[PDB]
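A look at the structure
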Amino acid sequence: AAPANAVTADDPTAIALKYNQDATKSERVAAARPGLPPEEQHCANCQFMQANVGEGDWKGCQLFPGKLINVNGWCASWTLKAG
Ligand code: SF4
Ligand SMILES: [N+]
Ligand SMILES: [N+]
Ligand SMILES: [N+]
């Protein structure tokens, strides 16, 4: 059961970025974003995930203010967590 503030499927930004809560049901391969092979990409290893926001598997994403994403999710703004 997703948190009340989870990013949802008719969120316009989620649609535009092709977010999914489950990276295995994402188009990460098609996008081929740089920094890791696409099968290795998900929110937990993304620069925009906010480790100090949320709880458990439901964490912040800077691009989705006021929302939570799933650490196992993905979107097309995936960028390696570098610092
Ligand atoms: S920007 Fe990164 S942390 Fe935010 S939803 Fe996309 S992949 Fe997940
Ligand atoms: N939500
Ligand atoms: N597609
Ligand atoms: N956030």
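See the structure above.
In what follows, the accompanying structure is described.

Moving on, we come to the overall build of the protein chain. Secondary structure summary: the protein chain contains 2 helices and 3 strands in total. Overall, the protein chain shows an N-to-C arrangement of helices and strands of α-α-β-β-β. On C-alpha atoms alone, the protein chain measures out to a radius of gyration of 11 Å, which is about the 12 Å that the 2.2 N^0.38 rule sets for 83 residues. Overall size of the protein chain, expressed as C-alpha extent along the three principal axes, is 30 × 30 × 20 Å. Taken over 83 residues, the protein chain has a buried fraction of 31%. Here the contacts in the protein chain between residues at least 6 apart in sequence split such that 62% fall between residues at least 24 apart. Accessible area for the protein chain stands at about 4,900 Å²; split by element, carbon and sulfur atoms hold 54% of it. Across the protein chain, 7 positive and 8 negative side-chain charges occur, with their mean positions spaced 5 Å apart.

If you trace the backbone, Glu-40 turns up in the loop between α2 (28–31) and β1 (49–55). For the pair formed by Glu-40 and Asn-72, sequence separation is 32 residues and the distance between their alpha carbons is 11 Å.

Attention shifts here to the sheet that holds strand β2 (residues 58–61). Through backbone hydrogen bonds, the strands of a sheet pair up, either in parallel or in antiparallel fashion. With antiparallel pairing, the 3 strands of this open sheet are ordered in space as β1-β2-β3. Each edge of the open sheet carries a strand with a single partner, namely β1 and β3 (69–70). In terms of strand pairing, β2 meets β3 through 2 bridges, oriented antiparallel. By the bridge assignment, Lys-59 is partnered in β3 with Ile-69.

Counted under the stated rule, the structure contains 1 cavity of 30 Å³ or more. Put simply, the largest cavity is a space of about 90 Å³. Lining the largest cavity, in full, are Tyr-19, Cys-43, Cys-46, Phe-48, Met-49, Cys-61, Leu-63, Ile-69, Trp-74, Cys-75, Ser-77 and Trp-78. Taken together, the residues that form the lining of the largest cavity break down as 11 nonpolar, 1 polar and no charged.

Calculation rules
Residues numbered from 1 in each chain as written, not as in the entry; some residues may be left out. Chains lettered and ligands numbered in written order. Heavy atoms only, no water. Helix = DSSP H or I, 4+ residues; strand = E, 2+ residues; numbered from the N terminus. Rg over C-alpha atoms; globule rule 2.2 N^0.38 Å. Buried < 20%, exposed > 50% of the residue type's maximum accessible area, 1.4 Å probe, protein only. Contact = heavy atoms within 4.5 Å. Areas by Shrake-Rupley, 256 points an atom, 1.4 Å probe, with all protein chains shown as cover. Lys, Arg positive; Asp, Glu negative; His and termini not counted. Charge placed at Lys NZ, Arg CZ, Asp CG, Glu CD. Pairing = 2+ DSSP bridges. 1 Å grid on protein atoms, 1.4 Å probe; cavity = no way out; pocket = protein on both sides within 12 Å on 5 of 7 lines; lining within 4 Å. Points joined across faces, edges and corners; volume = space filled by probe spheres on them. Nonpolar A, V, L, I, M, F, W, Y, C, P; charged D, E, K, R; others polar.

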